[PDB]
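Next up: a single chain in structure tokens, the form deposited in one PDB entry.
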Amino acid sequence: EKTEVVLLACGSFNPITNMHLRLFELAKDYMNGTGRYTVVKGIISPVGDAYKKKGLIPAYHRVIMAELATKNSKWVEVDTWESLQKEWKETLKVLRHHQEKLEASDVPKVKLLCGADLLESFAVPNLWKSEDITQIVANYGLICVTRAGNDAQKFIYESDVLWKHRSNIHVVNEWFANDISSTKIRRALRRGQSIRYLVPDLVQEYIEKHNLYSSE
């Protein structure tokens, strides 16, 4: 009688590393261990080229490396929809897009998989529209996997919009530190350092043959 859930992670995956992959396994173990849910699929959805940030490499590369990272996974996949659109899409739209897609196979609920960082982001003074925060939290749900869940709970308590919808945010503890951020990987790469065993062997091979992140 459990609820069927799909896990959706947006982001830049620039590049993807073991840490993003671990977040999925963590979150599914947790959800399924509530006794209240059954996790049915996960989806990585990298941001597109319209988001014009510096250091952000062409989507097609970031899509590959994510596909390499998940080739053997029974349950997590990459969807290129958002990377394809000609104008940049807001997470709330990416979410609606993926929920409507499931309803069209004639019902599993999508939920946004994030870290605390999202919560921090949500409270930066003018940055988000309260009503957009409300729709995400309230219509979908958050699964916040983090090594600082103690910070996580505090942001929830400090925001009325989050507190109001708290029964729909799940804070998940990571007891095994593995803080392998894209930013550190890129930093290591432009210094010529090894990144072996922080990202999947094939993702490391792709980065090396294409000399990515080596430059600046």
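We number the residues from 1 along the sequence you see.
What follows is about the form solved in complex with a small molecule, which we do not show.
*Answer with one of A138, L127, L84, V107: the residue that has a non-hydrogen atom within 4.5 Å of the small molecule in the bound PDB entry.*
Here the answer is residue option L127.
*asked:* So, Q99 and the small molecule: in the bound PDB entry, are they within 4.5 Å at any heavy atom pair?
replied: Contact check for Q99: no, nothing within 4.5 Å of the small molecule in the bound PDB entry.
*Tell me, yes or no, whether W88 is in contact with the small molecule in the bound PDB entry, where a contact means a heavy atom of each within 4.5 Å.*
So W88 counts as contacting the small molecule.
*Would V171 show up as a contact with the small molecule in the bound PDB entry if we use heavy atoms at 4.5 Å?*
Residue-level check for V171: no, no contact with the small molecule.
_I'd like to know if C10 sits close to the small molecule in the bound PDB entry, meaning any non-hydrogen atom pair within 4.5 angstroms._
Within the cut-off, so yes.
*Look at the stretches 66 to 74, 31 to 39, 149 to 157, 51 to 59 and give the one with heavy atoms within 4.5 Å of the small molecule in the bound PDB entry.*
Stretch with heavy atoms near the partner: 51 to 59.
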